[PDB]
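Chains as they are written, first to last, in the deposited numbering: chain A, 3 to 355; chain D, 3 to 355; chain E, 3 to 355; chain G, 3 to 355; chain H, 3 to 355.
Here the structure is laid out as structure tokens; the discussion comes afterwards.
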Amino acid sequence: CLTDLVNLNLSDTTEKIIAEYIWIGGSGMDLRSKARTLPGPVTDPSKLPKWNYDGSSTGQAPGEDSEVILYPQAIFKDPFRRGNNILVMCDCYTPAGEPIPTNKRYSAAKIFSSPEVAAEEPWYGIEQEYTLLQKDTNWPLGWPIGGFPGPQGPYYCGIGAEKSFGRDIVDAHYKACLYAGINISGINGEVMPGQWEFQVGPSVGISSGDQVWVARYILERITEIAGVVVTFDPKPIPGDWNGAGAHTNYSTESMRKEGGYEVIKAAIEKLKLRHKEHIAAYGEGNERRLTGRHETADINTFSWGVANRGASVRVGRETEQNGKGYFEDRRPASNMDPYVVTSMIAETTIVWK
Amino acid sequence: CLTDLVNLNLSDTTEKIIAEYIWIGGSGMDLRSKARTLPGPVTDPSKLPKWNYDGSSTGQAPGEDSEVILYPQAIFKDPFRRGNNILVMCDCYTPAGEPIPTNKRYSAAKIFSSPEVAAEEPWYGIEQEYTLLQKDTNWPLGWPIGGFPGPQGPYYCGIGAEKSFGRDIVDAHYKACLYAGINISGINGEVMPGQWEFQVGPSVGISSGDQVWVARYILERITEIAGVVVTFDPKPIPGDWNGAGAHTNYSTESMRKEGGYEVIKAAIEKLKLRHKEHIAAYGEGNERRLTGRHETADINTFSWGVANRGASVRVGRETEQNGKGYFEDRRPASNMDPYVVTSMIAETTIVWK
Amino acid sequence: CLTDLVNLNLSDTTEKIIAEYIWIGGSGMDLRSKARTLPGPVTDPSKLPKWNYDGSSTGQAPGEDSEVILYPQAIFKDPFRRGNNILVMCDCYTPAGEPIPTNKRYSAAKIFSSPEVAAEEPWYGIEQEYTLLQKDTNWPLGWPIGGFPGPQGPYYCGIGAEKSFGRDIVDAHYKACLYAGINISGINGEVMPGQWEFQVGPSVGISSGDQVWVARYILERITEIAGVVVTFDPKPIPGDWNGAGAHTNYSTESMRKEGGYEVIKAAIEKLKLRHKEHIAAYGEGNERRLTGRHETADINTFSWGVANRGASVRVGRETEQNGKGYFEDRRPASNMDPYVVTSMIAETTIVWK
Amino acid sequence: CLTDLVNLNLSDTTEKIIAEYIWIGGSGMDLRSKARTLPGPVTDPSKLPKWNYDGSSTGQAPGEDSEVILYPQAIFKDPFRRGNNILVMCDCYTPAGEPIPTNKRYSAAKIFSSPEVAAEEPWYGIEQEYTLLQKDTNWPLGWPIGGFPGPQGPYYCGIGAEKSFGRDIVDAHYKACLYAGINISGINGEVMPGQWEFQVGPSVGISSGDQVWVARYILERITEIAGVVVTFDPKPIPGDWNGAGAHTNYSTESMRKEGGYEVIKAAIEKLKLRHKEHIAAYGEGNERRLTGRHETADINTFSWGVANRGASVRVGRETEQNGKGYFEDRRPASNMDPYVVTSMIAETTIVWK
Amino acid sequence: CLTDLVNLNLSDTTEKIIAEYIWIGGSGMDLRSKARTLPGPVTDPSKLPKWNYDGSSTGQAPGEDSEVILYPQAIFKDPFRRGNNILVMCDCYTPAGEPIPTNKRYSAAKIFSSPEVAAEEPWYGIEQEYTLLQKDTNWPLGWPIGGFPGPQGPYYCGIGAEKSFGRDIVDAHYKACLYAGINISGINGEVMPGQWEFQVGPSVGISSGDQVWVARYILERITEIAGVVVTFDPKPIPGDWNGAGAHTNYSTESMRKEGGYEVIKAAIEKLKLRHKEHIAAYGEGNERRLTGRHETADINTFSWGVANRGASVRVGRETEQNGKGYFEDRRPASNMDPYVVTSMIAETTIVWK
Ligand SMILES: Nc1ncnc2c1ncn2[C@@H]1O[C@H](COP(=O)(O)OP(=O)(O)O)[C@@H](O)[C@H]1O
Ligand SMILES: Nc1ncnc2c1ncn2[C@@H]1O[C@H](COP(=O)(O)OP(=O)(O)O)[C@@H](O)[C@H]1O
Ligand SMILES: Nc1ncnc2c1ncn2[C@@H]1O[C@H](COP(=O)(O)OP(=O)(O)O)[C@@H](O)[C@H]1O
Ligand SMILES: Nc1ncnc2c1ncn2[C@@H]1O[C@H](COP(=O)(O)OP(=O)(O)O)[C@@H](O)[C@H]1O
Ligand SMILES: Nc1ncnc2c1ncn2[C@@H]1O[C@H](COP(=O)(O)OP(=O)(O)O)[C@@H](O)[C@H]1O
Ligand SMILES: C[S@](=O)(CC[C@H](N)C(=O)O)=NP(=O)(O)O
Ligand SMILES: C[S@](=O)(CC[C@H](N)C(=O)O)=NP(=O)(O)O
Ligand SMILES: C[S@](=O)(CC[C@H](N)C(=O)O)=NP(=O)(O)O
Ligand SMILES: C[S@](=O)(CC[C@H](N)C(=O)O)=NP(=O)(O)O
Ligand SMILES: C[S@](=O)(CC[C@H](N)C(=O)O)=NP(=O)(O)O
Ligand SMILES: [Mn+2]
Ligand SMILES: [Mn+2]
Ligand SMILES: [Mn+2]
Ligand SMILES: [Mn+2]
Ligand SMILES: [Mn+2]
Ligand SMILES: [Mn+2]
Ligand SMILES: [Mn+2]
Ligand SMILES: [Mn+2]
Ligand SMILES: [Mn+2]
Ligand SMILES: [Mn+2]
Ligand SMILES: [Mn+2]
Ligand SMILES: [Mn+2]
Ligand SMILES: [Mn+2]
Ligand SMILES: [Mn+2]
Ligand SMILES: [Mn+2]
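See the structure below:
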């Protein structure tokens, strides 16, 4: 029946290829996509045709002047259609070639191109935490309707049918991402029951944002299959339950080299000064997350420390002991735009003085 | 058990083949089919025997003179029975060789054979929108019974279990169509929840209508497997919900060559003059769809524009900018007979002055 | 779990074979079977041992003298057990070598051996119509309990979840039958919702009866897997709903040769004279079917005509136009014994004057 | 628990009274109501205070000028709250004393006051047919979901759990109407399963319209208790199922006196001449009901006859044989406004020449 | 809520009365009724108005000449509406005063008026057996779907949840009938599970038929309330399960007086002679009941005996021992028309020689 058809191997019958064009909609947080047939395999982004879509259905264009343009930027293998089919992360433009206001890749790309940034070759490890919900009731997976599971404690990295909710989805996503070519560094179950995490492992400059977005796309397509809902809301349940962040781990060339630790403290120092303006771009609703409790620092203070999960920024024991490595910006919410967060960190850290 | 037998590979046991003969029934909108065993593989339509059926059971002949004749016209591979089995799009005649009144293939074939049309080598891209319904209640897939989902907005090209209903069926159809040999160019999720679209990519003359009908047959067979219902009704839910069109994209030899844009405007001009008569053949119920809202033009006016989804006809930014390409007739309803629409466009556009 | 064991491939472990001996029970309408292990593959009926069964449990013998004897007559591949396992159509005899009263194969074999019949080499194509029922309620598949679907119209050769009920079973049976080696010429969905048809394609003399019985066995074993019931009752639902025939298509050597049409009319003429006595053997309950409505002729009249589905006998347009072919006896009920009907037609048509 | 409170007898504790003010909403077909406490029992309409409501929530006034005024016209006992509590049929006016466009009681009252009409003292017997539906699916009570009961025949005036659906509601409404003071002349089960009827027995002039509206109000409140829905749609199910009328039986002083039959034919004659204009005011959707089949006359012809349920107007055998009585106008749909229909009949029949 | 309204006591608010007019429809076996409001209490049939109904909806008149007339013949108290409300058993006529073909009361009344019959003052005791079915499946109450309870034996006059199905209905009916004024002589549970019986105790002439029909009306109204179905089919389940009769117990003046036993035998002797003709009028389907088994006599033989439940006619031990009493005609089926059976017995027994 139905999976026989979804899983048909096309290679036996044509050279033709399906490409799923993915872009970001009007809200800056909604992923959209559609698919087209291409005459054969393609491995290079610039050999893919540009395309358009109805921007008036995605809050990005008026009905009378409706076309918005898609620029292929990155190709991944499609873990759903498989074979030689592909996913294509895109970028949005007016027909005149202007980037639309919700296109944040463009600015970010500029910054990562700028030669004093490219020289420093910045690395990002982003930790995407999210929460699984039951469809329709919108109540976290594995929670009884109108009630609560036992208090936090056993759920973090836990095992067992009463502790761990949705591993199916997580493991499927892990492999799907690896198969697609995403640099996914690992996964864990989080503190709040029904909450999980994956890491997009050290990725350079613009490709970090590209990868996180596609990772997100893949996640949500998987939950879709499973009949479950995902939120990237930073604090889906009020009270004594963890919120969801997108910790950004960061290092430059000079930070991972001998006596890098000194560059790190300097970079932290710059971040301290631009705290306010980073907060404003670090995802909406973050006030409900960053309270100083539940392994967050208060939104209003800035702090840093060594193995300190209460601080705005944390430096690993490992990198302290080696006088070189990376640090962790814990401030960004799970609904953060990685293009924005990632480039803004480069800018505050290299360019600005 | 049951899928073991449905999916038996016959190649291991005979050379015999199964052919599913498909035709259009008394309503002009109802697909019918039955199957016969043939001695071996066949790749050419004209090497298939003719056949008949009981026309008195399909509203096409009286009981006393019941036989109606099937002319094989197009062969595709059967994505359900797989192996060497085939689907066979047919054409209906009286035993005297007359095309019956519901046979619209015949006229259309005439027009596409006529040499000044064939010279122009017309291309059609038809965008089949349709809606998925729950069996028995006839209420759209994913909608709560006697209620409504959230307003339009997030559904168009959306992902997620709360946004996207029926992707299973859509992806299955996609591959089944490609495997079968249909020139399907792409798919997207539409504006109304539960509404979807596939495109029968640029196809020449008569084979456009053949391919759309078979595409439809395959869709409805797939929904049948899934226990879900399809309508091609152009406005299945009244109120603030999109209707369903079958946009017909169109280009001639001279339209896709240098300074083709002028030929396009000329063609549009001709269409403006025969609006009334096209409307009459553009599918029934269209009055309930073409209202000027929900990305339609009002039935009574005719208009055109560049990136204008409010217009009767739209021309891509792409083809404007290159002074050559195709245009989109947005007027035909989802329940349009592509034979009638496709040929009538050629006729108003090439033959008539 | 359970299908892993049912689908075990025995070829990897022994040369041993399973043979399912099929026979006809005390009612003349009830198929029975049991299975024995045989030392290795067998392709010829006469190399299979005879066997017996408890006739006192099938209405065919008393308890004190309970053994009845099975004579292998035809071999087919077992589509259930697969590998080298086989189904074996049988014939029933007293231990003294007498055919039992419910054995109608014996008479039929006699007639088909008789040299003036064998010379004429008669061909049968029987159209087995049947109805699928919900278990326990015995109400047709797809019909709401204590209610009715929409009126007849859309169901004949239809597609769609609202029109087409049980295609699963029908498609599985089609392949099962092909794999088995039954000469199945095709299938269609019938006029009454939940009613279906298959054809056992042109088969010579005694092997027509053999194949139809085995086709029936295979059908009912499939319905058993699906948890659905089949009737061959000629009129399962009173009122404005089609009954179920087993149309017998027929032709002799001389009918399919030049000026065969004349032999056909002559044959029809002879049938007209023995209408009463054919009816009496054409299946019980037929009075509820043959009413002159729903594509039958009244039991009391005999008539014939060209494309006439209201007649007792029909001749295809195709065979009229070519002055040679076959004709359709529409009179037999779906619960007809094909041994009786098939041989009686030969007898009234060749032997008797 | 809950019925203990709904059924509390207030007479034991205060003299206070609850009055439910009923009026007709912006669509002219939607009943609305609210309740207020009054210091003691009231038996005369003119001793009740006027009141208002938010017209902007009923499509009868803008938000900035929202008040619409209610004029008490008739009092009935409240069968729900019981005791001395009352229902109050109302009339709607601008604060300036203008009747609003949806107030059709005003015109009707004028006509029934006019002295040549009051002299003739017209009587109305209106037969309100309606259909019960399952909540959410909107499919008729007692029908299986996505299916149909057996054909019409046994349902009209039938008894039995398989024939009769919703008697509870009907019998409760019968008594509730009698207790309230409505002159309800009787009830019957109608032709279509789930369809029922009550008659508002001979009522003079304006009180006929008042009583039918209140009878409707009571009905719908009862269905609300039972968790069932009512339509007054004139043809709720397409096809071979009866529609719903509101036959208006009519007689004047001179029609019920000696040789009244002659006056009757004359009146019928005047109605024949104004058929077109009556139709236009006889309820919307009537085209779907008045087809000439299912005991209707075609909308386009006008006819009359003695015991003729095929006619536009019918005269009883009883009144023919006595040369005096009344006649039945069968034309009005069940969603008819009885104020409009009732007065329009008086006008065409007495006033106009 | 709903029973509060159905059970409203109207005596507190008007003198008005509800009268349910009951009649027999086109099949001769289907009860019909509707209700009208009357100005006050009525105890005498001849003071009730005649009425009519739509005969074209009950198979008793054409649409163009649709009125059929109802003559009140007997009054009973209405056990559903209670208070002073009434049931009214009616008789059907053309507007010309002719009894319609399905009116069997008329003939019967003639016979019971004829003075040599009235002198003899005949008494009837009819034993109405019937069977309770589950709605929709039509399978007997208490029987598992698609299965059978334990064999007959414990059910006849049994008690306990596993033996006795529907007593609710039966005890309700008993009281309702007594309250209504029907001369119900008693009840018992019958041999077949879900089968029951009541007796309409010694009633004179025409009133026997009247009372049985009303008892039947009351029964089916009660089953309606319970959501269960009744058949009066004489053999609802084939096989080793009892059928249902309507035994008619009978005596004349001279049979209940001294040496009445001689008159009895003489009467039985006359019945023997007209067996064939009685059978023809004793209800349809009786061939399936009267088999000689399950406490019946074979249809083709006539027999009688003393305590013999295998005989066509039985005489009680009591009346044998006293040489005077009554006898039991066991031949009539449960779907018998008591008007026909009752009068035909008087005729064969008194009038004919
Ligand atoms: N030098 C580096 N610069 C930036 N990111 C790094 C560097 N080294 C490792 N990472 C990445 O940082 C992320 C650390 O993730 P995780 O181990 O989940 O953080 P935590 O230890 O707080 O949970 C990983 O994606 C990892 O691959
Ligand atoms: N020159 C052309 N003539 C006809 N069809 C074309 C031409 N170019 C592309 N097409 C086809 O037209 C269809 C494009 O419609 P679609 O992708 O749904 O765009 P939109 O949604 O904006 O109307 C596809 O079938 C595509 O292959
Ligand atoms: N000459 C013949 N003799 C016997 N059977 C034949 C002959 N020619 C065709 N047939 C068979 O008769 C059957 C035709 O059945 P079908 O198409 O169901 O009949 P219908 O015309 O009633 O649709 C098939 O078995 C076909 O192979
Ligand atoms: N003279 C009359 N004038 C007006 N209405 C009358 C007159 N006599 C009786 N009626 C009313 O006419 C209505 C008859 O309705 P109904 O019993 O439904 O008739 P039918 O079903 O035959 O059309 C009742 O309300 C009854 O009270
Ligand atoms: N003399 C009589 N004439 C007519 N009916 C009588 C006479 N005596 C008693 N009956 C009635 O005969 C019926 C006997 O019914 P029941 O007791 O069910 O009989 P059985 O013993 O056959 O079951 C009762 O209706 C009883 O009132
Ligand atoms: C376990 S946690 O400290 C908790 C993160 C928390 N959900 C937050 O709001 O950032 N994340 P990690 O330890 O992986 O850095
Ligand atoms: C989004 S829509 O514009 C809307 C079509 C709409 N369903 C209609 O009725 O035409 N389809 P497309 O954008 O592919 O042209
Ligand atoms: C559509 S029908 O005519 C239906 C015939 C009906 N079932 C009968 O023969 O009883 N059968 P076919 O078309 O195969 O001859
Ligand atoms: C039985 S009917 O004739 C049918 C009325 C139908 N519903 C109509 O007027 O469309 N009603 P009535 O007998 O009350 O006049
Ligand atoms: C027990 S029985 O004899 C059974 C009668 C059976 N139902 C029949 O007459 O068909 N009824 P009763 O004892 O009242 O005469
Ligand atoms: Mn982490
Ligand atoms: Mn974490
Ligand atoms: Mn971290
Ligand atoms: Mn499109
Ligand atoms: Mn579209
Ligand atoms: Mn389009
Ligand atoms: Mn056939
Ligand atoms: Mn058939
Ligand atoms: Mn046939
Ligand atoms: Mn009426
Ligand atoms: Mn009516
Ligand atoms: Mn009426
Ligand atoms: Mn008894
Ligand atoms: Mn009994
Ligand atoms: Mn008895």
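By construction, the Cβ of each residue, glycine as well, lies at the ideal position given by its N, Cα and C atoms.
The beta strand (DSSP E) spanning residue i covers which residue range?
i, result
"G/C92", "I88 to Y95"
"G/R316", "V315 to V317"
"H/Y341", "From DSSP, H/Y341 is part of no beta strand (DSSP E) but of the alpha helix (DSSP H) over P340 to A348."
"A/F329", "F329 to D331"
"D/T133", "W125 to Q136"
Would you mind reading off the limits of the alpha helix (DSSP H) that contains residue i?
i, result
"G/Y219", "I208 to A228"
"E/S115", "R107 to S115"
"D/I171", "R169 to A182"
Does the beta carbon of residue i fall short of 7 Å from some heavy atom of ligand 16?
i, result
"E/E199", "no"
Taking C-beta pairs closer than 9 Å, name the residues in chain D that residue i reaches, listed in chain order.
i, result
"G/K137", "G148"
Which one of the options has the shortest CA to CA distance from residue i?
i, options, result
"D/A348", "D/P117, D/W145 and D/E129", "D/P117"
"A/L273", "A/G287, A/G294, A/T250 and A/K259", "A/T250"
"H/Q323", "H/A269, H/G262 and H/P340", "H/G262"
"E/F114", "E/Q197, E/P97 and E/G211", "E/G211"
Going along chain D, which residues have a C-beta under 7 Å from residue i?
i, result
"A/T15", "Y181"
"E/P81", "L7"
Ligand 17 and residue i: does the residue's C-beta get closer than 7 Å to at least one heavy atom of that ligand?
i, result
"residue 1 of chain E", "Outside the shown range of chain E (3 to 355) lies residue 1 of chain E, about which nothing can therefore be said."
Confirm the yes/no value for this check: CB of residue i, any heavy atom of ligand 22, distance under 7 Å.
i, result
"G/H249", "yes"
> Where are the beta strand (DSSP E) runs, 3 residues long or more, that stay fully inside the segment 26 to 70 of chain E, in chain order?
Replying inline: 33 to 40 and 53 to 56
>> Ignoring anything shorter than 3 residues, give me the beta strand (DSSP E) runs that lie fully in the segment 225 to 297 of chain E, in order along the chain.
In response: 230 to 233 and 248 to 253
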